[PDB]
Amino acid sequence: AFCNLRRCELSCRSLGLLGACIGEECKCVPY
């Protein structure tokens, strides 16, 4: 299985971050 990486990005774009993935679990971070 993959991350919901598009939803992960879109959920953190409102916070000003770039979303990424580890295995199937996602995290976002500032520029």
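From the backbone N, Cα and C atoms, a Cβ is placed for every residue, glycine too.
Quick look at what Swiss-Prot annotates:
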DISULFID  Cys3-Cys21  disulfide bond
REGION    6-9  region '[R/K]XCQ motif'
DISULFID  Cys8-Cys26  disulfide bond
DISULFID  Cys12-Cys28  disulfide bond
MOD_RES   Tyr31  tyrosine amide
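What Swiss-Prot annotates, mapped onto the structure for a quick look.
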residue: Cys3; record: disulfide bond; DSSP (3 states): coil
residue: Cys8; record: disulfide bond; DSSP (3 states): helix
residue: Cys21; record: disulfide bond; DSSP (3 states): strand
residue: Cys26; record: disulfide bond; DSSP (3 states): strand
residue: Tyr31; record: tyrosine amide; DSSP (3 states): coil
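Among the recorded positions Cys8, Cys12, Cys28, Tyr31, the ones whose Cα is located within 10 Å of the Cα of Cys21 (disulfide bond) are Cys8, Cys28. A straight line from the CA of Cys12 (disulfide bond) to the CA of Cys26 (disulfide bond) spans 11 Å. Applying an 8 A CB threshold to same-chain residues 6+ apart, the list for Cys8 (disulfide bond) reads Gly19, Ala20, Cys21, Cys26, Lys27, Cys28. Using a 10 Å radius centred on the Cβ of the residue listed as 'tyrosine amide' and all shown protein chains, the other Cβ atoms total 5. Within the same chain, residues at least six positions away from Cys3 (disulfide bond) with a Cβ under 8 Å of its Cβ are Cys21, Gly23, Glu24, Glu25, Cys26. Shown are the disulfide-bonded residues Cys21, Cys26; of these, the residue with the fewest other Cβ atoms within 10 Å is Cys21.
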